[PDB]
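Shown next: my_file-v1.tsv, given as TSV, N, CA, C and O atoms.
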```tsv
chain	number	residue	atom	x	y	z
A	1	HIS	N	-111.80	72.20	-78.74
A	1	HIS	CA	-111.79	72.83	-80.09
A	1	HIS	C	-111.40	74.31	-79.98
A	1	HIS	O	-111.42	74.89	-78.92
A	2	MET	N	-111.05	74.92	-81.08
A	2	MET	CA	-110.66	76.36	-81.04
A	2	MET	C	-111.60	77.20	-81.91
A	2	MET	O	-111.87	78.35	-81.63
A	3	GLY	N	-112.11	76.63	-82.97
A	3	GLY	CA	-113.03	77.39	-83.86
A	3	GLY	C	-113.67	76.44	-84.87
A	3	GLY	O	-113.60	75.23	-84.74
A	4	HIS	N	-114.31	76.97	-85.88
A	4	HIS	CA	-114.95	76.09	-86.90
A	4	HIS	C	-114.10	76.04	-88.17
A	4	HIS	O	-114.58	75.68	-89.23
A	5	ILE	N	-112.85	76.40	-88.08
A	5	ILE	CA	-111.98	76.36	-89.29
A	5	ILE	C	-110.63	75.72	-88.94
A	5	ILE	O	-109.76	76.34	-88.38
A	6	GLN	N	-110.47	74.46	-89.28
A	6	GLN	CA	-109.18	73.77	-88.97
A	6	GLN	C	-108.93	72.66	-89.99
A	6	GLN	O	-108.65	71.53	-89.63
A	7	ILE	N	-109.03	72.96	-91.25
A	7	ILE	CA	-108.80	71.93	-92.29
A	7	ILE	C	-107.38	71.35	-92.15
A	7	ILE	O	-106.42	72.09	-92.06
A	8	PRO	N	-107.28	70.04	-92.14
A	8	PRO	CA	-105.96	69.38	-92.01
A	8	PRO	C	-105.16	69.53	-93.32
A	8	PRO	O	-105.70	69.37	-94.39
A	9	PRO	N	-103.89	69.83	-93.18
A	9	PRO	CA	-103.03	69.99	-94.38
A	9	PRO	C	-102.73	68.63	-95.02
A	9	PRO	O	-103.16	67.60	-94.54
A	10	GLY	N	-102.00	68.62	-96.10
A	10	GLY	CA	-101.68	67.33	-96.77
A	10	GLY	C	-102.67	67.08	-97.91
A	10	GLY	O	-102.34	66.49	-98.91
A	11	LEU	N	-103.89	67.53	-97.75
A	11	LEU	CA	-104.90	67.32	-98.83
A	11	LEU	C	-104.54	68.15	-100.06
A	11	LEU	O	-104.38	67.64	-101.15
A	12	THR	N	-104.43	69.44	-99.90
A	12	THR	CA	-104.08	70.31	-101.06
A	12	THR	C	-102.83	69.79	-101.77
A	12	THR	O	-102.65	69.97	-102.95
A	13	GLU	N	-101.96	69.14	-101.04
A	13	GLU	CA	-100.72	68.60	-101.67
A	13	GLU	C	-101.05	67.40	-102.56
A	13	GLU	O	-100.79	67.41	-103.75
A	14	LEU	N	-101.63	66.38	-102.00
A	14	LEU	CA	-101.98	65.18	-102.82
A	14	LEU	C	-102.85	65.59	-104.01
A	14	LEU	O	-102.70	65.08	-105.10
A	15	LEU	N	-103.76	66.50	-103.81
A	15	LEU	CA	-104.64	66.94	-104.93
A	15	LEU	C	-103.79	67.59	-106.03
A	15	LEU	O	-103.98	67.32	-107.20
A	16	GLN	N	-102.87	68.43	-105.66
A	16	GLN	CA	-102.01	69.08	-106.70
A	16	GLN	C	-101.36	68.01	-107.58
A	16	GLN	O	-101.22	68.17	-108.77
A	17	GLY	N	-100.96	66.91	-106.99
A	17	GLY	CA	-100.33	65.82	-107.79
A	17	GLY	C	-101.29	65.42	-108.91
A	17	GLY	O	-100.94	65.44	-110.08
A	18	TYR	N	-102.50	65.05	-108.57
A	18	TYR	CA	-103.49	64.65	-109.61
A	18	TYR	C	-103.52	65.68	-110.74
A	18	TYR	O	-103.64	65.35	-111.90
A	19	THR	N	-103.41	66.94	-110.40
A	19	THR	CA	-103.44	68.00	-111.44
A	19	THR	C	-102.24	67.84	-112.39
A	19	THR	O	-102.33	68.08	-113.57
A	20	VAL	N	-101.11	67.45	-111.86
A	20	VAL	CA	-99.90	67.28	-112.72
A	20	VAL	C	-99.94	65.94	-113.46
A	20	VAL	O	-99.35	65.78	-114.51
A	21	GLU	N	-100.64	64.97	-112.93
A	21	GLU	CA	-100.71	63.64	-113.62
A	21	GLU	C	-101.77	63.69	-114.71
A	21	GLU	O	-101.52	63.44	-115.87
A	22	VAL	N	-102.98	64.01	-114.32
A	22	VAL	CA	-104.08	64.08	-115.31
A	22	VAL	C	-103.72	65.03	-116.45
A	22	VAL	O	-104.11	64.84	-117.58
A	23	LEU	N	-102.98	66.06	-116.15
A	23	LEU	CA	-102.59	67.03	-117.22
A	23	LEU	C	-101.51	66.41	-118.13
A	23	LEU	O	-101.47	66.66	-119.32
A	24	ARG	N	-100.64	65.61	-117.57
A	24	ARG	CA	-99.57	64.99	-118.40
A	24	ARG	C	-100.03	63.61	-118.91
A	24	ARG	O	-100.15	63.39	-120.10
A	25	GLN	N	-100.28	62.70	-118.01
A	25	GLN	CA	-100.73	61.34	-118.44
A	25	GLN	C	-101.92	61.45	-119.39
A	25	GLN	O	-102.00	60.77	-120.40
A	26	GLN	N	-102.86	62.30	-119.08
A	26	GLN	CA	-104.05	62.46	-119.97
A	26	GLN	C	-104.69	61.09	-120.26
A	26	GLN	O	-104.74	60.66	-121.39
A	27	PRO	N	-105.15	60.44	-119.21
A	27	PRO	CA	-105.78	59.11	-119.37
A	27	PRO	C	-107.15	59.24	-120.05
A	27	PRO	O	-107.72	60.31	-120.09
A	28	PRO	N	-107.63	58.14	-120.58
A	28	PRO	CA	-108.95	58.14	-121.27
A	28	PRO	C	-110.08	58.30	-120.25
A	28	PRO	O	-111.09	58.92	-120.53
A	29	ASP	N	-109.92	57.76	-119.08
A	29	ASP	CA	-110.99	57.88	-118.04
A	29	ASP	C	-110.39	58.38	-116.72
A	29	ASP	O	-109.48	57.79	-116.18
A	30	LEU	N	-110.91	59.46	-116.21
A	30	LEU	CA	-110.37	60.00	-114.92
A	30	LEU	C	-110.91	59.18	-113.74
A	30	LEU	O	-110.19	58.88	-112.81
A	31	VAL	N	-112.16	58.81	-113.78
A	31	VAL	CA	-112.74	58.01	-112.67
A	31	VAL	C	-111.85	56.80	-112.38
A	31	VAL	O	-111.26	56.69	-111.32
A	32	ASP	N	-111.75	55.90	-113.31
A	32	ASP	CA	-110.90	54.70	-113.11
A	32	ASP	C	-109.47	55.12	-112.77
A	32	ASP	O	-108.81	54.52	-111.94
A	33	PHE	N	-108.98	56.15	-113.41
A	33	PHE	CA	-107.59	56.61	-113.11
A	33	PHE	C	-107.49	57.05	-111.65
A	33	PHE	O	-106.57	56.69	-110.95
A	34	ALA	N	-108.43	57.82	-111.19
A	34	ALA	CA	-108.39	58.29	-109.78
A	34	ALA	C	-108.28	57.09	-108.83
A	34	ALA	O	-107.67	57.17	-107.79
A	35	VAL	N	-108.87	55.98	-109.19
A	35	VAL	CA	-108.80	54.78	-108.32
A	35	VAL	C	-107.41	54.14	-108.41
A	35	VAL	O	-106.78	53.86	-107.41
A	36	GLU	N	-106.93	53.91	-109.60
A	36	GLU	CA	-105.59	53.28	-109.76
A	36	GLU	C	-104.51	54.18	-109.13
A	36	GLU	O	-103.60	53.71	-108.49
A	37	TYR	N	-104.61	55.46	-109.33
A	37	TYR	CA	-103.59	56.39	-108.75
A	37	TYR	C	-103.59	56.29	-107.22
A	37	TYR	O	-102.59	55.95	-106.62
A	38	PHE	N	-104.69	56.58	-106.60
A	38	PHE	CA	-104.75	56.50	-105.11
A	38	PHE	C	-104.53	55.06	-104.64
A	38	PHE	O	-103.74	54.80	-103.75
A	39	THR	N	-105.22	54.12	-105.24
A	39	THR	CA	-105.04	52.70	-104.82
A	39	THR	C	-103.55	52.32	-104.86
A	39	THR	O	-103.09	51.49	-104.10
A	40	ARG	N	-102.80	52.94	-105.73
A	40	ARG	CA	-101.34	52.63	-105.81
A	40	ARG	C	-100.59	53.37	-104.70
A	40	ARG	O	-99.62	52.88	-104.16
A	41	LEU	N	-101.03	54.55	-104.37
A	41	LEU	CA	-100.34	55.32	-103.29
A	41	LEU	C	-100.38	54.54	-101.98
A	41	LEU	O	-99.56	54.75	-101.10
A	42	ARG	N	-101.32	53.65	-101.83
A	42	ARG	CA	-101.41	52.86	-100.58
A	42	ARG	C	-100.32	51.79	-100.57
A	42	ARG	O	-99.87	51.35	-99.53
A	43	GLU	N	-99.87	51.37	-101.73
A	43	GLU	CA	-98.80	50.33	-101.78
A	43	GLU	C	-97.46	50.96	-102.18
A	43	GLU	O	-96.49	50.27	-102.42
A	44	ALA	N	-97.40	52.26	-102.25
A	44	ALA	CA	-96.11	52.92	-102.63
A	44	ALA	C	-95.31	53.27	-101.38
A	44	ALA	O	-94.24	52.76	-101.15
A	45	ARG	N	-95.83	54.17	-100.58
A	45	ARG	CA	-95.10	54.58	-99.34
A	45	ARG	C	-94.62	53.35	-98.57
A	45	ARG	O	-95.39	52.64	-97.95
A	46	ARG	N	-93.34	53.08	-98.61
A	46	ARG	CA	-92.81	51.89	-97.88
A	46	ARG	C	-91.70	52.32	-96.91
A	46	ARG	O	-91.14	51.45	-96.26
B	1	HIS	N	-104.28	72.35	-133.01
B	1	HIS	CA	-104.18	72.94	-131.64
B	1	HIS	C	-104.32	74.46	-131.70
B	1	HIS	O	-104.21	75.06	-132.76
B	2	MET	N	-104.57	75.09	-130.59
B	2	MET	CA	-104.73	76.58	-130.59
B	2	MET	C	-103.66	77.22	-129.70
B	2	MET	O	-103.21	78.32	-129.95
B	3	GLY	N	-103.25	76.55	-128.66
B	3	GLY	CA	-102.22	77.12	-127.76
B	3	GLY	C	-101.74	76.05	-126.77
B	3	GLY	O	-102.01	74.88	-126.94
B	4	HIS	N	-101.03	76.45	-125.75
B	4	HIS	CA	-100.53	75.45	-124.76
B	4	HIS	C	-101.38	75.50	-123.48
B	4	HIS	O	-100.97	75.03	-122.44
B	5	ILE	N	-102.56	76.06	-123.56
B	5	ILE	CA	-103.42	76.13	-122.35
B	5	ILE	C	-104.86	75.72	-122.71
B	5	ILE	O	-105.62	76.50	-123.25
B	6	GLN	N	-105.23	74.51	-122.41
B	6	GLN	CA	-106.61	74.05	-122.73
B	6	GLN	C	-107.04	72.96	-121.74
B	6	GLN	O	-107.50	71.90	-122.13
B	7	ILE	N	-106.89	73.21	-120.47
B	7	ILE	CA	-107.29	72.20	-119.46
B	7	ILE	C	-108.78	71.86	-119.60
B	7	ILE	O	-109.60	72.75	-119.67
B	8	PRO	N	-109.09	70.58	-119.65
B	8	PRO	CA	-110.50	70.15	-119.79
B	8	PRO	C	-111.27	70.39	-118.48
B	8	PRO	O	-110.76	70.11	-117.41
B	9	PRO	N	-112.47	70.90	-118.60
B	9	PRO	CA	-113.30	71.17	-117.40
B	9	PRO	C	-113.81	69.86	-116.80
B	9	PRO	O	-113.55	68.79	-117.31
B	10	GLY	N	-114.53	69.94	-115.72
B	10	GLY	CA	-115.06	68.69	-115.08
B	10	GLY	C	-114.13	68.26	-113.95
B	10	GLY	O	-114.55	67.71	-112.96
B	11	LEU	N	-112.85	68.50	-114.10
B	11	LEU	CA	-111.89	68.10	-113.03
B	11	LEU	C	-112.11	68.95	-111.78
B	11	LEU	O	-112.36	68.44	-110.70
B	12	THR	N	-112.01	70.25	-111.90
B	12	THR	CA	-112.21	71.13	-110.71
B	12	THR	C	-113.53	70.79	-110.02
B	12	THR	O	-113.68	70.97	-108.83
B	13	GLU	N	-114.49	70.31	-110.76
B	13	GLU	CA	-115.80	69.97	-110.14
B	13	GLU	C	-115.67	68.71	-109.28
B	13	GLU	O	-115.93	68.72	-108.10
B	14	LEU	N	-115.26	67.62	-109.87
B	14	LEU	CA	-115.11	66.36	-109.09
B	14	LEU	C	-114.19	66.58	-107.90
B	14	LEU	O	-114.42	66.07	-106.82
B	15	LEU	N	-113.14	67.34	-108.08
B	15	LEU	CA	-112.21	67.60	-106.95
B	15	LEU	C	-112.93	68.34	-105.82
B	15	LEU	O	-112.80	68.02	-104.66
B	16	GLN	N	-113.71	69.34	-106.16
B	16	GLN	CA	-114.45	70.09	-105.11
B	16	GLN	C	-115.27	69.11	-104.26
B	16	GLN	O	-115.38	69.26	-103.06
B	17	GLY	N	-115.84	68.11	-104.87
B	17	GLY	CA	-116.64	67.12	-104.10
B	17	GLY	C	-115.76	66.53	-102.99
B	17	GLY	O	-116.10	66.58	-101.82
B	18	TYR	N	-114.63	65.98	-103.35
B	18	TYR	CA	-113.72	65.40	-102.32
B	18	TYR	C	-113.52	66.38	-101.16
B	18	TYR	O	-113.46	66.00	-100.01
B	19	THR	N	-113.42	67.65	-101.47
B	19	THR	CA	-113.22	68.66	-100.40
B	19	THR	C	-114.43	68.68	-99.46
B	19	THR	O	-114.30	68.87	-98.26
B	20	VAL	N	-115.61	68.48	-99.99
B	20	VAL	CA	-116.83	68.49	-99.12
B	20	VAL	C	-117.00	67.14	-98.42
B	20	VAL	O	-117.62	67.05	-97.37
B	21	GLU	N	-116.48	66.09	-98.98
B	21	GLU	CA	-116.63	64.74	-98.33
B	21	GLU	C	-115.57	64.59	-97.25
B	21	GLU	O	-115.86	64.35	-96.09
B	22	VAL	N	-114.33	64.72	-97.63
B	22	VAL	CA	-113.23	64.58	-96.64
B	22	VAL	C	-113.43	65.55	-95.48
B	22	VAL	O	-113.07	65.27	-94.35
B	23	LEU	N	-114.00	66.69	-95.74
B	23	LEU	CA	-114.22	67.68	-94.65
B	23	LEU	C	-115.38	67.23	-93.75
B	23	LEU	O	-115.38	67.45	-92.56
B	24	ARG	N	-116.37	66.59	-94.32
B	24	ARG	CA	-117.53	66.12	-93.51
B	24	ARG	C	-117.30	64.68	-93.04
B	24	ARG	O	-117.22	64.41	-91.86
B	25	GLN	N	-117.20	63.76	-93.96
B	25	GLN	CA	-116.98	62.34	-93.57
B	25	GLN	C	-115.79	62.22	-92.62
B	25	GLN	O	-115.83	61.52	-91.64
B	26	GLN	N	-114.72	62.92	-92.92
B	26	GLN	CA	-113.52	62.86	-92.03
B	26	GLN	C	-113.12	61.40	-91.78
B	26	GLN	O	-113.14	60.94	-90.66
B	27	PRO	N	-112.77	60.71	-92.85
B	27	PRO	CA	-112.36	59.29	-92.73
B	27	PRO	C	-110.99	59.18	-92.05
B	27	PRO	O	-110.25	60.14	-91.99
B	28	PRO	N	-110.69	58.00	-91.55
B	28	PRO	CA	-109.40	57.77	-90.87
B	28	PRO	C	-108.25	57.77	-91.89
B	28	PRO	O	-107.16	58.21	-91.60
B	29	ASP	N	-108.50	57.29	-93.07
B	29	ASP	CA	-107.42	57.26	-94.11
B	29	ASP	C	-107.93	57.89	-95.41
B	29	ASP	O	-108.93	57.48	-95.97
B	30	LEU	N	-107.25	58.89	-95.90
B	30	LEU	CA	-107.69	59.54	-97.17
B	30	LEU	C	-107.29	58.68	-98.37
B	30	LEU	O	-108.05	58.52	-99.31
B	31	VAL	N	-106.11	58.11	-98.35
B	31	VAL	CA	-105.67	57.25	-99.49
B	31	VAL	C	-106.75	56.22	-99.81
B	31	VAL	O	-107.36	56.23	-100.86
B	32	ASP	N	-106.99	55.32	-98.90
B	32	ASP	CA	-108.03	54.28	-99.13
B	32	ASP	C	-109.37	54.94	-99.45
B	32	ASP	O	-110.12	54.48	-100.29
B	33	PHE	N	-109.69	56.02	-98.78
B	33	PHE	CA	-110.98	56.71	-99.06
B	33	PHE	C	-111.01	57.20	-100.51
B	33	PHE	O	-111.98	57.01	-101.21
B	34	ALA	N	-109.96	57.82	-100.95
B	34	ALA	CA	-109.92	58.32	-102.35
B	34	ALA	C	-110.22	57.18	-103.33
B	34	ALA	O	-110.81	57.39	-104.37
B	35	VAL	N	-109.82	55.98	-103.00
B	35	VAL	CA	-110.08	54.84	-103.91
B	35	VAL	C	-111.55	54.43	-103.83
B	35	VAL	O	-112.22	54.28	-104.83
B	36	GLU	N	-112.07	54.24	-102.64
B	36	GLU	CA	-113.50	53.84	-102.50
B	36	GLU	C	-114.41	54.92	-103.09
B	36	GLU	O	-115.39	54.62	-103.74
B	37	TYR	N	-114.10	56.17	-102.86
B	37	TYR	CA	-114.96	57.26	-103.41
B	37	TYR	C	-114.98	57.20	-104.94
B	37	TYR	O	-116.02	57.04	-105.55
B	38	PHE	N	-113.84	57.33	-105.56
B	38	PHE	CA	-113.80	57.29	-107.05
B	38	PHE	C	-114.25	55.91	-107.56
B	38	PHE	O	-115.06	55.81	-108.46
B	39	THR	N	-113.73	54.86	-106.99
B	39	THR	CA	-114.14	53.49	-107.45
B	39	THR	C	-115.66	53.37	-107.41
B	39	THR	O	-116.25	52.64	-108.19
B	40	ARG	N	-116.30	54.07	-106.52
B	40	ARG	CA	-117.79	54.00	-106.44
B	40	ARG	C	-118.41	54.88	-107.53
B	40	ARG	O	-119.45	54.56	-108.08
B	41	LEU	N	-117.79	55.98	-107.83
B	41	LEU	CA	-118.34	56.89	-108.88
B	41	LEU	C	-118.43	56.15	-110.22
B	41	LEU	O	-119.20	56.51	-111.09
B	42	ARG	N	-117.65	55.12	-110.39
B	42	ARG	CA	-117.69	54.36	-111.66
B	42	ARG	C	-118.94	53.48	-111.70
B	42	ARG	O	-119.45	53.15	-112.75
B	43	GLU	N	-119.45	53.10	-110.56
B	43	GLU	CA	-120.67	52.25	-110.52
B	43	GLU	C	-121.89	53.08	-110.10
B	43	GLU	O	-122.96	52.56	-109.88
B	44	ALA	N	-121.75	54.38	-109.99
B	44	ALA	CA	-122.90	55.23	-109.59
B	44	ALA	C	-123.64	55.74	-110.83
B	44	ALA	O	-124.78	55.41	-111.07
B	45	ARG	N	-122.98	56.56	-111.61
B	45	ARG	CA	-123.63	57.11	-112.83
B	45	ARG	C	-124.31	56.00	-113.63
B	45	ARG	O	-123.66	55.20	-114.27
B	46	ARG	N	-125.61	55.95	-113.60
B	46	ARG	CA	-126.33	54.88	-114.36
B	46	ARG	C	-127.35	55.51	-115.31
B	46	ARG	O	-128.05	54.77	-115.98
```

Mind turning this structure into structure tokens?
Amino acid sequence: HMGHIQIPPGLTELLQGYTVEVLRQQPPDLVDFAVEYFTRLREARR
Amino acid sequence: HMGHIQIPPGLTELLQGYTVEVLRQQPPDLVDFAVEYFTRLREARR
């Protein structure tokens, strides 16, 4: 190890997406939406 | 309407949680984790 600060990148990126979707799509429920959005990202990257 | 800036609160809060879980739990896959985490929040609040 090198120190106590080594957050892996890629997270701030995927999170920013949710900010652009929830702000535009404006779904009725974010909880269920958070599941469909991520659950779909698992079957998208091909 | 009042203007073009009215983001609903509650989002920055739920997102902060993921930051504390992914940083501690440190799961092997964030995509699948994002689904189990949110999918569980729908059956937690009782």

- Using all atoms listed in the file, determine which residues of chain A fall within 8 Å of chain B; present them as a PyMOL selection string. chain A and resi 7-8+15+22-23+30-42

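On the backbone of this structure, DSSP gives helix (DSSP H, G or I) within chain A to residues 11, 12, 13, 14, 15, 16, 17, 18, 19, 20, 21, 22, 23, 24, 30, 31, 32, 33, 34, 35, 36, 37, 38, 39, 40, 41, 42, 43 and 44 of chain A.
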
- Query: What is the distance between atom CA of residue B:4 and atom CA of residue A:16, in Å to one decimal?
  - Reply: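 Value for the atom CA of residue B:4-atom CA of residue A:16 distance: 19.2 Å.
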
- Please indicate the distance in Å from atom CA of residue A:27 to atom O of residue B:9, rounded to one decimal place.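 Straight-line distance from atom CA of residue A:27 to atom O of residue B:9 works out to 12.6 Å.
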
- Message: Report, in Å to a single decimal, how far apart atom CA of residue A:45 and atom N of residue B:25 are.
- Response: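 Answer for the atom N of residue B:25 to atom CA of residue A:45 separation: 24.5 Å.
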